[PDB]
Each structure stands twice: as structure tokens, then as C-alpha cells.
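Okay, so here's the structure we're looking at.
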Amino acid sequence: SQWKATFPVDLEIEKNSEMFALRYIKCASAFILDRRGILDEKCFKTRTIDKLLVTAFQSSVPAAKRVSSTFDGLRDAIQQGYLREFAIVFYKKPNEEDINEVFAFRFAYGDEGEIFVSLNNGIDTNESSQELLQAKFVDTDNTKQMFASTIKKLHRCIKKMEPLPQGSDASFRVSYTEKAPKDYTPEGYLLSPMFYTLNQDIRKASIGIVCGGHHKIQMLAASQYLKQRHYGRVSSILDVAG
């Protein structure tokens, strides 16, 4: 339950910054899928880091292993600086474009100047990408605290969510950087012309940015269940687990 048991340190190294970025979104995802009951509690194992309870996929369960494996394609996508956004979307079967809830993870590699706020889809806003740009890596132990701070607000947020209405499903959806060939799709994902789109009336939320030396990962969220070019996809997590 040392931080090192889950994450690497010396995040100034690009290599270590890499591994951190993946495991971060893999951990958050595992938490998100658990607390919103996309999968059985049996699919997850839990360790405690200092203050915080952090979740992992339980590879002893084949259903968990199958879902856990979708991320292995993303790891390759991140080394090559291809992955821009990784988002978990919720919908009611089978209106896969009628989004009810989304947890989005947006990336920034080695202080890229700026990112085009695309405006017909996604959760990305002008103010969001500003914060992402301005956010700076300081040191590993500062990032440890940024993590702690961020993951905490993630728990608070889901705590205030109304239950996920049955007959719902979830999808992994990814959007790419300009460095990525027009034909790239990570292992386990399928090509799709559709990212995701959100209603205007929906309540959004900024959960926080965490930074490695060469990668900056911002978490944004939106949900009905609160009181106040070229894409990739995994259509149904429920189906993957079976």
C-alpha cells in the first residue's frame, strides 16, 4: 500500500511518466465502473494509498481480465503520443449516442502549445483546455498530492450521483492527436466515425489535472444523475465481460 506498489516514481523520466499516465486512467476507470455498478464488486480488488482507497481490476475473474485488457492497446497508443482523449460513456441500450453520463480523460504530451477545442462533440471546453495548458508538473511528491486531491473529488462527485438506471451500458471511446495516422486503431478497439455528444442542459464537472514530467492528464465529467474525423470505440463493456 506504498504509492510505489501501484505507481512508479521519478516521474521526470519520460518512461516513468508514461506508465503513470496509463495506470492512472486504468485505476480511475476501475473505480468508476465499480461505484456505478457496471460490473460486480467481485471484479475488483482494493488497496489503500495513504489516505485513499484506490481500485484495481481483479485478474482472477475472467470478466475483469477481459475488460482490464482493453487498456493494453491504449498503452501502445500513449507511447507514440497518439491518444488525446479516453472517455467512459454511459447510455441506455441501445441508443449508443444518447449519452447520459461521461467520465473523460484528456491528455497533453511534453508541453504541447495548445489544443483545438473541437466544438461539435466531446466534453472539451475553452476554459478546460486553458487549465490543462497552464497546469504544470512540479515534482513526483507534488503529483502524489494532486492525485490524492483529484481522486478525492472523484469520490465526492459519484457520492452525489443518483443510481445508474438499470438497462444501461458503458463504452470506451477515444479521440486522437494530429500525430496519429488516419488509420490508427488500438488493439481491442474498433474504428468509428463517432466520438460522443452531450446535451446542452447537462451539468458538467471538472475533477482535476495530474501531471507526470511529460504527460498531463485532466479529468472532466458530466451526468444527468446530479442534483446540482477519426475515432475509436469499445461498444459495450457489459458484452466484453461475457
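Ordered as shown in the C-alpha cells, chains take letters A, B, and onward, while each chain numbers its residues from 1 and ligands are numbered from 1 in the order shown.
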
Near-residue 214 of chain A list (12 Å; only C-alpha atoms; drop same-chain fewer than 2 positions) as a compact mmCIF listing (two decimals) with N, CA, C and O atoms, in the first residue's frame:
```
# COMPACT_ATOMS: atom_id res chain seq x y z
N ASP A 10 9.85 8.95 -9.63
CA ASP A 10 10.79 9.63 -10.52
C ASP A 10 10.10 9.94 -11.84
O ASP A 10 10.59 9.60 -12.91
N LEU A 11 8.95 10.60 -11.74
CA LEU A 11 8.09 10.85 -12.90
C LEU A 11 8.69 11.84 -13.90
O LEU A 11 8.08 12.15 -14.91
N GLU A 12 9.89 12.33 -13.60
CA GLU A 12 10.57 13.23 -14.52
C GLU A 12 11.02 12.47 -15.77
O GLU A 12 11.01 13.01 -16.87
N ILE A 13 11.42 11.22 -15.58
CA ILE A 13 11.73 10.34 -16.70
C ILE A 13 10.48 10.15 -17.55
O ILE A 13 9.40 9.92 -17.02
N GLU A 14 10.63 10.25 -18.87
CA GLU A 14 9.51 10.09 -19.78
C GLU A 14 8.89 8.71 -19.66
O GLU A 14 7.67 8.56 -19.64
N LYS A 15 9.75 7.69 -19.59
CA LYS A 15 9.32 6.31 -19.44
C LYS A 15 8.41 6.12 -18.23
O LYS A 15 7.35 5.50 -18.33
N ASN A 16 8.84 6.64 -17.09
CA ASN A 16 8.05 6.56 -15.87
C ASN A 16 6.80 7.42 -15.95
O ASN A 16 5.76 7.07 -15.39
N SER A 17 6.89 8.53 -16.67
CA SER A 17 5.74 9.40 -16.89
C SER A 17 4.69 8.66 -17.71
O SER A 17 3.49 8.84 -17.51
N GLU A 18 5.16 7.83 -18.64
CA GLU A 18 4.29 7.00 -19.47
C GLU A 18 3.44 6.06 -18.63
O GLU A 18 2.22 6.17 -18.61
N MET A 19 4.11 5.13 -17.95
CA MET A 19 3.45 4.11 -17.14
C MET A 19 2.45 4.72 -16.17
O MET A 19 1.38 4.16 -15.94
N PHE A 20 2.81 5.86 -15.59
CA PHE A 20 1.94 6.54 -14.65
C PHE A 20 0.63 6.96 -15.30
O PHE A 20 -0.45 6.76 -14.73
N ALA A 21 0.73 7.54 -16.49
CA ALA A 21 -0.44 8.04 -17.21
C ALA A 21 -1.47 6.94 -17.44
O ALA A 21 -2.66 7.13 -17.22
N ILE A 78 -0.26 5.49 -26.21
CA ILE A 78 0.25 6.61 -25.42
C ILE A 78 1.74 6.85 -25.64
O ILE A 78 2.19 8.00 -25.70
N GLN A 79 2.52 5.77 -25.75
CA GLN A 79 3.94 5.88 -26.04
C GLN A 79 4.19 6.69 -27.31
O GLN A 79 5.13 7.49 -27.38
N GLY A 81 2.37 8.95 -28.54
CA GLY A 81 1.74 10.26 -28.47
C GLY A 81 0.50 10.37 -29.34
O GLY A 81 0.19 11.44 -29.85
N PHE A 107 -5.52 14.26 -22.54
CA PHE A 107 -4.06 14.17 -22.41
C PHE A 107 -3.32 15.37 -22.99
O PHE A 107 -3.81 16.04 -23.89
N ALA A 108 -2.13 15.63 -22.45
CA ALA A 108 -1.22 16.63 -23.01
C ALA A 108 0.22 16.13 -22.87
O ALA A 108 0.68 15.84 -21.77
N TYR A 109 0.92 16.04 -24.00
CA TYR A 109 2.28 15.50 -24.03
C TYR A 109 3.33 16.59 -24.08
O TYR A 109 3.21 17.52 -24.87
N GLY A 110 4.37 16.46 -23.25
CA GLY A 110 5.54 17.32 -23.28
C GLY A 110 5.29 18.77 -23.66
O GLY A 110 5.80 19.25 -24.67
N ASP A 111 4.49 19.45 -22.84
CA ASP A 111 4.09 20.85 -23.04
C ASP A 111 3.76 21.25 -24.48
O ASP A 111 4.25 22.27 -24.96
N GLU A 112 2.92 20.47 -25.16
CA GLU A 112 2.35 20.95 -26.42
C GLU A 112 1.76 22.33 -26.17
O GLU A 112 1.10 22.56 -25.14
N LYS A 136 1.05 22.60 -14.56
CA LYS A 136 2.46 22.26 -14.73
C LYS A 136 2.91 21.16 -13.79
O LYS A 136 2.48 21.09 -12.64
N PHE A 137 3.77 20.28 -14.30
CA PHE A 137 4.42 19.30 -13.45
C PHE A 137 5.41 20.02 -12.54
O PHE A 137 6.11 20.93 -12.98
N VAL A 138 5.45 19.62 -11.28
CA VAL A 138 6.34 20.25 -10.31
C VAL A 138 7.35 19.23 -9.81
O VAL A 138 8.56 19.37 -10.04
N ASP A 139 6.86 18.21 -9.13
CA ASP A 139 7.67 17.07 -8.74
C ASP A 139 6.76 15.87 -8.49
O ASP A 139 5.54 16.01 -8.49
N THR A 140 7.36 14.70 -8.29
CA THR A 140 6.59 13.47 -8.12
C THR A 140 5.72 13.52 -6.87
O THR A 140 4.53 13.18 -6.91
N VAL A 210 -3.70 15.91 -13.22
CA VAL A 210 -2.48 15.40 -12.61
C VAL A 210 -1.40 15.35 -13.68
O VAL A 210 -1.70 15.14 -14.86
N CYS A 211 -0.15 15.56 -13.28
CA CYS A 211 0.92 15.68 -14.26
C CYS A 211 2.11 14.78 -13.96
O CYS A 211 2.59 14.69 -12.83
N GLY A 212 2.58 14.10 -15.01
CA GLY A 212 3.89 13.49 -15.00
C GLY A 212 4.81 14.50 -15.66
O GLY A 212 4.36 15.59 -16.04
N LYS A 216 0.27 15.16 -19.10
CA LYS A 216 -0.66 15.83 -18.20
C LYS A 216 -2.06 15.31 -18.45
O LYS A 216 -2.59 15.42 -19.55
N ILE A 217 -2.67 14.72 -17.42
CA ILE A 217 -3.97 14.07 -17.58
C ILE A 217 -5.07 14.78 -16.81
O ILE A 217 -5.09 14.78 -15.58
```

All residues 9 Å or closer to segment 199-209 of chain A, only C-alpha atoms, same chain fewer than 3 positions away omitted, as number ranges by chain
A: 98-100, 123, 128, 131-132, 135, 146-147, 149-154, 157, 216-228

Restricting it to N, CA and C atoms, dump the selection as a short mmCIF file (atom, residue, chain, number, x, y, z; two decimals), in the first residue's frame.
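What landed in result-v9.cif:
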```cif
data_model
loop_
_atom_site.label_atom_id
_atom_site.label_comp_id
_atom_site.auth_asym_id
_atom_site.auth_seq_id
_atom_site.Cartn_x
_atom_site.Cartn_y
_atom_site.Cartn_z
N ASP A 98 -26.98 8.38 -27.39
CA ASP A 98 -27.76 9.12 -26.41
C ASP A 98 -27.09 9.03 -25.05
N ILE A 99 -26.10 9.89 -24.83
CA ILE A 99 -25.25 9.82 -23.65
C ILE A 99 -25.95 10.36 -22.40
N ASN A 100 -25.84 9.61 -21.30
CA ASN A 100 -26.41 10.02 -20.02
C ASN A 100 -25.34 10.48 -19.04
N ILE A 123 -16.52 16.67 -24.52
CA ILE A 123 -16.84 17.43 -23.31
C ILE A 123 -15.93 18.65 -23.22
N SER A 128 -11.59 24.62 -20.10
CA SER A 128 -10.98 23.36 -19.70
C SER A 128 -9.55 23.26 -20.23
N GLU A 131 -6.92 25.48 -18.50
CA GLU A 131 -6.44 24.88 -17.27
C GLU A 131 -5.42 23.77 -17.54
N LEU A 132 -5.69 22.98 -18.58
CA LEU A 132 -4.79 21.91 -18.98
C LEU A 132 -3.45 22.48 -19.43
N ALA A 135 -1.63 24.09 -16.28
CA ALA A 135 -1.20 23.10 -15.30
C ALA A 135 0.23 22.66 -15.59
N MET A 146 -1.56 15.93 -5.80
CA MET A 146 -2.52 16.28 -6.84
C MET A 146 -3.43 15.10 -7.12
N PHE A 147 -2.84 13.91 -7.18
CA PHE A 147 -3.59 12.67 -7.31
C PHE A 147 -4.59 12.53 -6.18
N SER A 149 -5.74 14.70 -4.04
CA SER A 149 -6.74 15.75 -4.17
C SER A 149 -7.78 15.41 -5.23
N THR A 150 -7.30 15.00 -6.41
CA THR A 150 -8.17 14.72 -7.55
C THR A 150 -9.08 13.53 -7.31
N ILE A 151 -8.49 12.40 -6.93
CA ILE A 151 -9.24 11.17 -6.69
C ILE A 151 -10.29 11.38 -5.60
N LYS A 152 -9.97 12.24 -4.63
CA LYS A 152 -10.93 12.56 -3.59
C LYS A 152 -12.18 13.23 -4.15
N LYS A 153 -12.00 14.23 -5.00
CA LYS A 153 -13.13 14.94 -5.60
C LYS A 153 -13.92 14.00 -6.50
N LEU A 154 -13.26 12.97 -7.02
CA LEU A 154 -13.93 11.95 -7.82
C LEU A 154 -14.91 11.16 -6.96
N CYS A 157 -17.93 13.37 -5.95
CA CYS A 157 -18.83 13.56 -7.09
C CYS A 157 -19.78 12.39 -7.28
N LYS A 216 0.27 15.16 -19.10
CA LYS A 216 -0.66 15.83 -18.20
C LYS A 216 -2.06 15.31 -18.45
N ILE A 217 -2.67 14.72 -17.42
CA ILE A 217 -3.97 14.07 -17.58
C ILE A 217 -5.07 14.78 -16.81
N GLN A 218 -6.00 15.37 -17.56
CA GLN A 218 -7.11 16.12 -16.99
C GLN A 218 -8.39 15.29 -16.99
N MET A 219 -9.14 15.32 -15.89
CA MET A 219 -10.38 14.57 -15.80
C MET A 219 -11.60 15.49 -15.79
N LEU A 220 -12.50 15.28 -16.74
CA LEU A 220 -13.74 16.05 -16.83
C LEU A 220 -14.94 15.10 -16.80
N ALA A 221 -16.05 15.55 -16.23
CA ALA A 221 -17.22 14.70 -16.09
C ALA A 221 -18.54 15.43 -16.33
N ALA A 222 -19.56 14.67 -16.71
CA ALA A 222 -20.91 15.19 -16.89
C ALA A 222 -21.91 14.07 -16.62
N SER A 223 -23.06 14.43 -16.06
CA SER A 223 -24.06 13.42 -15.72
C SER A 223 -25.47 13.99 -15.55
N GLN A 224 -26.45 13.27 -16.08
CA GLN A 224 -27.85 13.58 -15.85
C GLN A 224 -28.21 13.32 -14.39
N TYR A 225 -27.38 12.52 -13.72
CA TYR A 225 -27.69 11.99 -12.41
C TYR A 225 -27.12 12.82 -11.26
N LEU A 226 -26.98 14.12 -11.48
CA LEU A 226 -26.54 15.05 -10.44
C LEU A 226 -27.67 16.02 -10.09
N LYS A 227 -27.66 16.50 -8.85
CA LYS A 227 -28.74 17.34 -8.38
C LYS A 227 -28.39 18.82 -8.52
N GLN A 228 -27.10 19.12 -8.36
CA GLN A 228 -26.51 20.43 -8.69
C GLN A 228 -25.02 20.42 -8.36
#
```

Using only C-alpha atoms, which protein or nucleic acid residues come within 10 Å of residue 237 of chain A? Drop anything in the same chain fewer than 4 positions from it, and give the result as a list in words.
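Contacts, with the query itself left out: residues 33, 38, 39, 63, 66, 67, 70, 88, 169, 170, 171, 172, 241 and 242 of chain A.
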
Can you tell me, as a PyMOL selection string, which residues in segment 1-233 of chain A count as helix (DSSP H, G or I) by DSSP?
chain A and resi 3-5+14-35+41-43+62-79+126-134+140-159

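Proximity ranking of A:196, A:235, A:230, A:44 relative to residue 119 of chain A places A:196 first, based on only C-alpha atoms.
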
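Distance annotation: of A:233, A:92, A:75, A:215, the residue with the minimal separation from residue 23 of chain A is A:75; atom set is only C-alpha atoms.
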
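Taking only C-alpha atoms into account, residue 57 of chain A lies nearest to A:26 out of the set A:179, A:26, A:36, A:4.
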
Using only C-alpha atoms, pick whichever of A:28, A:49, A:64, A:158 has the shortest atom-to-atom distance to residue 87 of chain A.
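Closest to residue 87 of chain A of all the choices is A:28.
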
With only C-alpha atoms counted and 9 Å as the cut-off, give the residues of segment 35-145 of chain A in contact with segment 188-192 of chain A, each with its shortest interatomic distance in Å and the pair that gives it, as JSON lines.
```
{"residue": "A:69", "atom": "CA", "partner": "A:188", "partner_atom": "CA", "distance": 7.9}
{"residue": "A:70", "atom": "CA", "partner": "A:188", "partner_atom": "CA", "distance": 5.5}
{"residue": "A:71", "atom": "CA", "partner": "A:188", "partner_atom": "CA", "distance": 8.2}
{"residue": "A:72", "atom": "CA", "partner": "A:188", "partner_atom": "CA", "distance": 8.3}
{"residue": "A:73", "atom": "CA", "partner": "A:188", "partner_atom": "CA", "distance": 6.3}
{"residue": "A:74", "atom": "CA", "partner": "A:188", "partner_atom": "CA", "distance": 8.9}
```

Judged by only C-alpha atoms, the minimum distance to residue 177 of chain A among A:129, A:197, A:80, A:145 is found for A:80

Check the smallest atom-to-atom distance from each of A:2, A:143, A:48, A:121 to residue 97 of chain A using only C-alpha atoms, then report the winner.
A:121
